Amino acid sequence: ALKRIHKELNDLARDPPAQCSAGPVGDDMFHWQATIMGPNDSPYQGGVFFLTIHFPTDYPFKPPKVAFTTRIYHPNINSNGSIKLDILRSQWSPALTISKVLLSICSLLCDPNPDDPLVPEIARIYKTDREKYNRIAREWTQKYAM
């Protein structure tokens, strides 16, 4: 696992994405911290969201554990920052680097699944009162992420 994780630390250093940043905490290559910039032209715009990443000892044969530390309003992310997303579970592939995972998570923010949600109340608001959803997501971004 560690050779692959070091590669990715190197993949990030040679080709860092504007949208996100990540690296180890306290030189422990299995435990990382990350940031995702909220997408422009969305309720999350201008927000900087922090995440934790724990790589399993069998990475990349199993997915990284990724969770938000920053509170964020979204049907697929709960009050503990847990992210319910297929590529972090059954649909994982070792082809996905942590950079691609973070970009994937960023892309989830504006592409929620409100039909099989992690947070049913938020899903209901998303589908039935979208202007209210947008208002609340923008207000949470301003309060928590800025």
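Numbers follow the displayed sequence, beginning with 1.
Colleague: Could you check which stretch, 137-145 or 4-12, carries the larger mean CA temperature factor in the entry?
Modeller: Comparing 137-145 with 4-12, the higher mean C-alpha B-factor belongs to 4-12.
Colleague: As stated in the PDB record, which stretch has the larger average Cα B-factor, 42-50 or 102-110?
Modeller: Going by the record's values, the stretch with the higher mean is 42-50.
Colleague: Highest CA temperature factor in the entry: which of 116, 86, 27, 121?
Modeller: Highest C-alpha B-factor among the listed options: 27.
Colleague: What third of the chain, by the recorded C-alpha B-factor, contains residue 37?
Modeller: For residue 37, whose C-alpha B-factor we compare with every modelled residue in the chain, the answer is the highest third.
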